[PDB]
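Let's start with one chain on its own, the form deposited in one PDB entry, as structure tokens.
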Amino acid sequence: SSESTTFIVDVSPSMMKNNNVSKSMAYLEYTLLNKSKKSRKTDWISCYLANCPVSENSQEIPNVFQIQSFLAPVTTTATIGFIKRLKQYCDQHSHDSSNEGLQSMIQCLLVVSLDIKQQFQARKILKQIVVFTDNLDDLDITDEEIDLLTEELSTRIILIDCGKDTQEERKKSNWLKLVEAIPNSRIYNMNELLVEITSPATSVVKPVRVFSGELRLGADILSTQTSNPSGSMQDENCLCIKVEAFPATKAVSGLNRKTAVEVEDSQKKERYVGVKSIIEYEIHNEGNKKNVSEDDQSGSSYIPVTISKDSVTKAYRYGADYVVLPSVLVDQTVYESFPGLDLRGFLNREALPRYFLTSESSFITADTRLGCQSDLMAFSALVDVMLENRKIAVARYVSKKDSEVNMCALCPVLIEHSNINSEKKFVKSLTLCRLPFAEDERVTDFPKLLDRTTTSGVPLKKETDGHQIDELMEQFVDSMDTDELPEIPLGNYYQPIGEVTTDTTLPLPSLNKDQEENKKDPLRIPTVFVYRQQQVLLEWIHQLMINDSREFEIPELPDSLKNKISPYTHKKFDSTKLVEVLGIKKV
């Protein structure tokens, strides 16, 4: 949609002494740089500096300075400039020009509120205020101004306490009374935000729907495979369930690059312009010449000529013949298919070898936008019985009319939804993964390993003992065992997209208490290459563009990310025997 976030960072000496202004600056840089890459046209940014010793404003309101006006879209150059300007302003009045007497930072909110009203007024875009403060109890708020702020502001207040000084006893007031006053308000601690910005930020992709049709068992191929209403809706003895399909696992490509050419510009900014992609077709016409030479002159020698694609036709290969078909035969070459999920039969999970599955998975679920409660109940019962009997169905699956027909395995799966009710609900679905055809099979004969023989089949007695190496390998595998780590239960592996949607795109450390301890499965790890590239780009921007350092000091991979791509350790065990027997010496 359209949102707007406003940053109000305290610059009081209490914030500066414990380095809280630097933490605020780093978090602001991270969030603004993450906003800059998307560069949404409907995401507004504004920054105010509060409790400053001096300030220049047109409104003549002291101790409040608007460093950044309302900006959209936020660009990387704009963010770099804003962060450098913030550094300059903070260093300008860091300690030399300290003020005397405390100032009402809360009042600084009120004027900001007017600006928030002034910029948008009637439009219903989301508005929020992000404020960084050192202490909450030291500030004073007028009782009569609370109602004025509540009636004037319709914006959610997000308060981040930058202080790390809390006693065993806990007591809260002031700001909390404001937090209760304005709905959708909340409080955070700066350490949580600093932790969250350093963790790998996983992406969230909204499901689309890749298929809509019917899952049918026992339908007649006459009515479901004709240029007519091609379902089993007209049935008297068969199983038909309205069904839709969504992506389940899809291979993410790494952060791409732009093939660009350097421009010679007087401004000396090292500018790169992206190239265009134009496709041409060229042929090589032979040429006859008679030149005196001892060689045969059989090297590559032709004249290239570019002709448009309208004069180039596709020649299909059959054995050793490349044939160009007429238009009618090319039309007949396409297989006429019709979308649907035709069940063949049900086999056990172990009766289906794991290597058979050769494609990305997809959710199959009861269609609720064109179906009814009947489809939902039937599909839930089907998935329940498949799960109970450990069945996996084999099916003929077509997604579009003129689309390839696949074979697929349907695995009964259930996804845990918290739901408005206290009791959690396991939503039932199928998971569809393609199975190989006859032409997909590549299985050949490989030489044996355990009791390996010669080519003719004469056994080869390996080594002289099979106790030492076997025991070594068994203890080695026990040493690197990762079964002490738990496994995420079946039901939370796939997460509902609604539970990962938030009212704003602001980086916050998650509103779900169940997100704790989400990093203990060795197999479920973030995209290391994607996060590594993002971290390198962020650090390059931070060091060269704003800090103006002189050499990119490459950051090390984070320990949490490094741990999952590094060998584990259950118990210690020494496998030095191989090197000890081989012997290390400089020859």
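Throughout, we count residues from 1 along the sequence that is shown. Heads up, when I say rigid core I mean the largest set of C-alphas that superpose within 1.5 Å between the two forms.
One more form of this protein, deposited in another entry, exists but is not displayed; see below.
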Which residue moves between the shown form and the other one, judged by a Cα shift of 2 Å or more on the rigid core: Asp165, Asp321, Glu282, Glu336?
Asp165
Taking 2 Å as the cut-off, check whether the CA of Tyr302 shifts that much or more between the shown form and the other one after a rigid core fit.
yes
Quick one: core overlaid, is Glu100 moving 2 Å or more at the Cα between the shown form and the other one?
yes
After superposing the rigid core, is the C-alpha displacement of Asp265 2 Å or more between the shown form and the other one?
yes
Shown form as baseline, in the other entry, CA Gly101-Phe132 shift of 3 Å or more puts them closer
